[PDB]
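Trainee: I'd like to ask you about the structure that follows.
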Amino acid sequence: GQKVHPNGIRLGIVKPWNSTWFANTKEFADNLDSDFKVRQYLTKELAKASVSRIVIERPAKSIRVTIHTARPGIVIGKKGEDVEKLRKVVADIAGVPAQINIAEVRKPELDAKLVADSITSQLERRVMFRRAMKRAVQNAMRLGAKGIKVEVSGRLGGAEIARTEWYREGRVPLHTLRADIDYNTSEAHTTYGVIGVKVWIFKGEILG
Amino acid sequence: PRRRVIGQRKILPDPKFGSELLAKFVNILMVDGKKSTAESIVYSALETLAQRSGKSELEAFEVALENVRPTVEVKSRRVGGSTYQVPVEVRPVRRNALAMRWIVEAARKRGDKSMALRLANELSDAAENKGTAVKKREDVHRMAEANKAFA
Amino acid sequence: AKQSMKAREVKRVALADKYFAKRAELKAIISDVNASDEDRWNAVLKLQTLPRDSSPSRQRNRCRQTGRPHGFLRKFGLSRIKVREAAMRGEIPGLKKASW
RNA sequence: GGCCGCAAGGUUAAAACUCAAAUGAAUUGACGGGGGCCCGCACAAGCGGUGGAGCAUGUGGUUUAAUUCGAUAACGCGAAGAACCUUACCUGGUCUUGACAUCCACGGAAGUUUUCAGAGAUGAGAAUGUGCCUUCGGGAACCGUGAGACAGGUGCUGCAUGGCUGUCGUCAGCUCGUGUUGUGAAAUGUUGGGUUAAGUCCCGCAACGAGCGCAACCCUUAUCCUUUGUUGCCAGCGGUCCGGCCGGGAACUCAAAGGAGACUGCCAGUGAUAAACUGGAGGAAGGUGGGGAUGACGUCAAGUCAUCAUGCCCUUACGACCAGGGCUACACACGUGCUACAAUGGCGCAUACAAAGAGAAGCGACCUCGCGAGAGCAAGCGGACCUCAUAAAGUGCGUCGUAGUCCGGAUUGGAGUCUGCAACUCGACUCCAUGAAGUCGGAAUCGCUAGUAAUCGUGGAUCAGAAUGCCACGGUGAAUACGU
RNA sequence: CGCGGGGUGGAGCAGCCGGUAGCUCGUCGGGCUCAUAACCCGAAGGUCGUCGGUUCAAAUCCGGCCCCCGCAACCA
């Protein structure tokens, strides 16, 4: 289990946190649990909507969710009909006043998580994994990624002996802390088993 | 080591007499990083020794050391089927150390009661040219002599 | 862990929540040196009568996601494994890898 | 069989039977008790251990009703804590759409209190309530019953998998594109001269470029400056209960936040007009300053289906509830630790100097009682304020005088304290008694190059309670490195 | 029947005077060993076939018996 998590190593420097609140040792665990719940719910709901990052932020006994999604139109539905619906359920989950914001993700080919999800979907609907991977890589490159890597693993083409294959393009420096490396993962629950998809997308280096 | 020789670290001289050698000796004596106790012991040894032989505290000690320093030690090359012990001229820094170590060992061995007293006794023996350290030195020399053919 | 175990834990917790006032009172009574012997005895017996799952020393801290009894942390309410994952994802606020 | 030969044998020369190869040259690796160059506590040089003892702890085995399952670069490992719980195991007692969900049907508001039997699980009683809305065939929360659809499984496969992890190894390597060479596997780049911690850098050169890694960016530590000074500080001022405690002061420590600083940048020599190396100047720091994080392509069908997820088997039981027991067994073997064997020490009395942490079902001063563990009372405090909380080794004075001891503390008896429904199996701690083995450990074997080893205490996590383990913190503080 | 060897540690070869009570491989134990064969250290296995006696030393010298050997001779 060689490698360090690319997001996790960079949280202090170039990457920010998702859950962004303060709490004392008393209420912290509970808060975490709540976050887990709400996030889980959101994932369940907005599966068909291309959702990248849920950012929870709770000040003053009131939860502020921020959903980063590629297509707001499906998440919002009719203007303030679906979002509103989501909100009350979120509140219920939390046990506090809820507030949902929806950030529009520019360039969903450069968002790593989204790409991974897409790949997983493709796998599920029985495409050639390799061709999917290629598409993922190519598209990102076209869009202006300084580099991208993707990796898929296990029961590829329903083969008895599992293996991993991966496509890199451009440069993807992981040891370099100041590199904006959007990393994320997904899992294709195929007929032969799970197929895990990792993808690293290098936006560029930050100078500060 | 393989790559790089390194400069020996700085050693402070002892507060009583202002000597590097003495400090080194004290350090050698010491166990479990209890320096202070060891130094006290050393001082005690010196004082008794001084009383015994006259002279000074330091001078006497030096004299004692002199009688247990080895001109030549041996090392195992073993290039052949059987091992050949080869003599080698032991350098100024090392020789002094070795003698001290031997003395300490002797002290440790000795059947007298207090450590300091034992040390003093050992020193006296060294000065006179009998005892354990001296014997060890002789043995070392003897071995070298035996293996003088190798050089 | 199993579902069943989790359920049991929940039940225990519920029991604890229920019977706290009474149990505590009983304990106090038992302790109180300035009290009758018979009363003390009664208290001791009374305690026995109450359900076992009512005790707080019965309930085990499990992970809030997986129910894993071992490797638990109190601040997060999560087992080590899950905690690490959370940290990696950015889901625990303030938590990052420490070096010194 | 013939011919030849003194003989040894030569010469001529089959067949059955049998295999799907056998071979040659070259290629990439791996290997060599081939060769060259180089590195690492690899050896050498040293210091301290392990192996002997007692105990702690894990494992093997054996035993058991059961001694849960896993790990076997496994064996103080998963387990950051098994009395019950945990618990997955055994023994009984019980349940079967079910402990956990969704769905209707229809009986009842949920829930609240209490009673006898039972080891308990459960099986039978007495009191209260009718809230959000009805062209009244009724509803959403929450109990009850029956049907099934289903739930459930720490059941099997890590040799179907994902994820996560170890490992060689923080080893300096591993590749690719285009070009060129070769019929081709492939080669070249990536080799060669130097150099470096480094496929580090330069120079050459059928290579030219690029990527992942060796470096840097990040945290921390070492010096300085600016800012801000309470709960932290007291240099100079006044007052004093001689306590920074109170006027105060913002200096210093300290606390964070932001900057500066180290780059072989400067000097000399060596070097191929070089990359570098050797020294010295300054400087708190010097050649990656010290430490951490960071683990390339890959390897081991390495580990984990018992965290989790996930592609045959059980479903009146391989599921669920309960009480008791077991996981703590004991001819024995191994692993890792602690404590010892003493005088560089033990005991007694006095007395000095830390850091880093934790704290609300929590940390708990002071005072009182108890020989003591603790008990009672009970402030201060979500905490630079209060509490845990006396640091210990050390230092001074006394004593013991080499004894199985005033060393050593196992073991066992008595009596008890606290936690907890509950300390029999099986907790910790206290007091009084008891006082094993052990006098430095066979073959062999481990760690460590500096604030390191060695030794001394302190804290934290898990946690009701339960560490000699683990993870942290400072104190004192060495030896040695000739060399390959 | 008579006469020469003597009778042992799982097997075997044990220093003229009766006081020495074994050595090889074997089994266990533990690290060497890339592996075992190891080298090396230590550990359990007796009666000395037996019955007696000379003597404090006895299996160890003798009287008989049971066997293993060897003997060479015999056989109506």
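Laboratory data are not the source of any read-out in this text; all were calculated from the coordinates shown. FYI the Cβ positions are ideal-geometry reconstructions off the backbone, even for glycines, and counts take in every protein chain you see.
Trainee: What nm value, rounded to one decimal, do you get for the distance between C:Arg8 and B:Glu105 when each label is placed 7 Å out toward the C-beta?
Mentor: 6.5 nm
Trainee: Also, quick follow-up: Once you keep just the Cα pairs under 8 angstrom separated by 6 or more residues, what percentage relative contact order results for chain B?
Mentor: Contact order relative to length: 24 percent.
Trainee: Zone of B:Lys55 (label point 7 Å along Cα→Cβ, backbone N under 11 Å): which residues in segment B:118-151?
Mentor: Zone members listed by number: B:123-129.
Trainee: I would also like to ask the following. Tell me the relative contact order for segment C:1-90 as a rounded percent, counting alpha carbon contacts under 8 Å between residues six or more apart.
Mentor: 27 percent
Trainee: Under 8 Å for C-alpha pairs, at least 6 residues apart: give me the relative contact order for segment A:116-208, rounded to a whole percent.
Mentor: For segment A:116-208, the relative contact order is 32 percent.
Trainee: With each run of n ≥ 4 DSSP H residues scored as -39500 (n - 2.57), what mean residue ellipticity at 222 nm is computed for the protein assembly as shown after dividing by its residue count and rounding to the nearest 500 deg cm²/dmol?
Mentor: -14000 deg cm²/dmol
Trainee: Where does helix B:20-29 land angle-wise versus the long Cα axis of chain B, in degrees 0 to 90, nearest 10?
Mentor: Taking the Cα atoms of chain B, the angle to B:20-29 is about 80 degrees.
Trainee: Okay, next question. Treating the beta-carbon of each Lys and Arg as +1 and of each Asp and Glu as -1, no other charges, what is the dipole magnitude of segment B:72-151 about its Cα centre, to the nearest 20 debye?
Mentor: Approximately 280 debye in magnitude.
Trainee: Please report the antiparallel percentage of DSSP beta bridges with both residues in chain A, rounded to the nearest 5.
Mentor: Counting only bridges with both partners in chain A, antiparallel ones make up about 80 percent.
Trainee: What does the convex hull of the alpha-carbon atoms of chain B project to on average, in nm²?
Mentor: Averaged projected hull area, Cα only: 11.3 nm².
Trainee: Averaged over peptide A:53-59, how many Cβ atoms belonging to another chain are found within 10 Å of each residue's Cβ?
Mentor: Average per residue, whole number: 1.
Trainee: Also, quick follow-up: With the dipole of the protein assembly as shown worked out from charges on the C-beta (+1 for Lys and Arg, -1 for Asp and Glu) around the Cα centre, which of C:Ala35, A:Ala140, B:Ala97 lies farthest toward the positive end?
Mentor: Value computed over the given set: A:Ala140.
Trainee: While we're on this one: Let me confirm one metric for peptide A:33-40, namely the mean number of other chain beta-carbon atoms within 10 Å of its residues' beta-carbons.
Mentor: 3
Trainee: Please determine, in degrees from 0 to 90 and to the nearest 10, the orientation of helix B:57-66 with respect to the longest principal axis defined by the Cα atoms of chain B, where the helix direction is its Cα long axis.
Mentor: Between helix and principal axis, roughly 20 degrees.
Trainee: Continuing with this model, one more query. If r is the Cβ-Cβ distance from B:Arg3 to C:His70 and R0 is 51 Å, what FRET efficiency results, to the nearest 0.05?
Mentor: Here the calculated transfer efficiency is 0.65.
Trainee: In debye to the nearest 20, how big a dipole does segment B:20-147 give about its Cα centre with +1 on each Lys and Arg Cβ and -1 on each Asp and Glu Cβ?
Mentor: 540 debye
Trainee: Extending each Cα 7 Å along its Cβ direction at C:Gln48 and A:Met128, get the distance between those two points in nm, one decimal.
Mentor: Each label point lies 7 Å from its Cα, and together they span 7.8 nm.
Trainee: Of C:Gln59, C:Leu47, C:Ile81, which is farthest on the positive side of the dipole of chain C, counting Cα position, with +1 on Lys and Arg Cβ, -1 on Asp and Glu Cβ, and the Cα centre as origin?
Mentor: C:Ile81
Trainee: Still on this structure, I have one more. Could you pull out which residues in segment B:111-136 have an amide N less than 11 Å from a spot 7 Å beyond the Cα of B:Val31, following the Cα-Cβ vector?
Mentor: Within reach of a label on B:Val31: B:115.
Trainee: Oh, and also: Quantify how strongly other chains surround peptide C:81-93 by giving the mean number of their Cβ atoms within 10 Å of each of its Cβ atoms.
Mentor: For peptide C:81-93, the averaged partner shielding equals 6.
Trainee: What's the local net charge at A:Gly144, with K and R +1, D and E -1, over the other residues with C-beta under 11 Å away?
Mentor: Around A:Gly144, the surrounding residues sum to +3.
Trainee: If you don't mind, there's one more thing I want to ask. Could you check the simple spin-label distance between B:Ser82 and A:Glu165, using points 7 Å along Cα→Cβ, in nm with one decimal?
Mentor: Between B:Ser82 and A:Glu165, the simple spin-label model gives 6.9 nm.
Trainee: Separate question: On a C-alpha basis, how far is the centre of segment A:57-82 from the centre of segment C:44-100 in Å? Whole number, if you could?
Mentor: Taking the Cα centre of segment C:44-100 as reference, the centre of segment A:57-82 is 31 Å away.
Trainee: Place +1 on the Cβ of every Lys and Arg and -1 on the Cβ of every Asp and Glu in chain A, take the dipole about the Cα centre, and give the residue among A:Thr20, A:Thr66, A:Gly154 whose Cα lies farthest towards its positive end.
Mentor: Of A:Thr20, A:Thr66, A:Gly154, it is A:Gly154.
Trainee: Quick check: the angle from helix A:129-143's long axis to the longest principal axis of chain A, C-alpha only, nearest 10 degrees?
Mentor: 70 degrees
Trainee: Then there's this: Fully extended, how many nm does the chain gain between C:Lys96 and C:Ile81 (0.36 nm per residue separation, minus their Cα-Cα distance)?
Mentor: The C:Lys96-C:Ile81 span can extend by a further 3.9 nm.
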